[PDB]
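Notes follow once the structure below has been shown.
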Amino acid sequence: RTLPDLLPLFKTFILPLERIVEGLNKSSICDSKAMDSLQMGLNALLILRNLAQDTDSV
Amino acid sequence: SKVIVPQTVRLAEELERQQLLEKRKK
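Protein chains in written order, with the deposited numbering: chain N, 118 to 175; chain R, 293 to 318.
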């Protein structure tokens, strides 16, 4: 709340995670850029959850 | 660490229980 336009960045890091997870039923993390995008998505998701533990953020 | 009992959840629980108790009083 105090910092608006913070959630859009996390969404930009989180939606490619949706695409990856859809593509996760086979070996598809061959490259290091794929691994980096996946890890960035996981970190943004954990940040979102930790913030959602509060009333204004949720 | 997870917050087991949020404020809004507790408030809504109390409100609903009081509403149903008042309905039973009728």
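All C-beta atoms, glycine included, are put in the ideal place defined by N, C-alpha and C.
{"query": "Buried versus exposed, by CB contacts within 10 Å (16 or more), N/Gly158", "result": "buried"}
{"query": "8 Å Cβ cutoff met for N/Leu162 and N/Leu134", "result": "yes"}
{"query": "N/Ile137 vs N/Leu126 beta-carbon contact at 8 Å", "result": "no"}
{"query": "Residues of the segment 140-171 of chain N with Cβ closer than 7 Å to any Cβ of chain R, in chain order", "result": "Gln170"}
{"query": "Where N/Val175 sits in the DSSP three-state scheme", "result": "coil"}
{"query": "Interface flag, R/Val297 vs chain N, CB-CB below 8 Å", "result": "no"}
{"query": "Partner residues on chain N for R/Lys294, Cβ-Cβ distance less than 9 Å", "result": "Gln170"}
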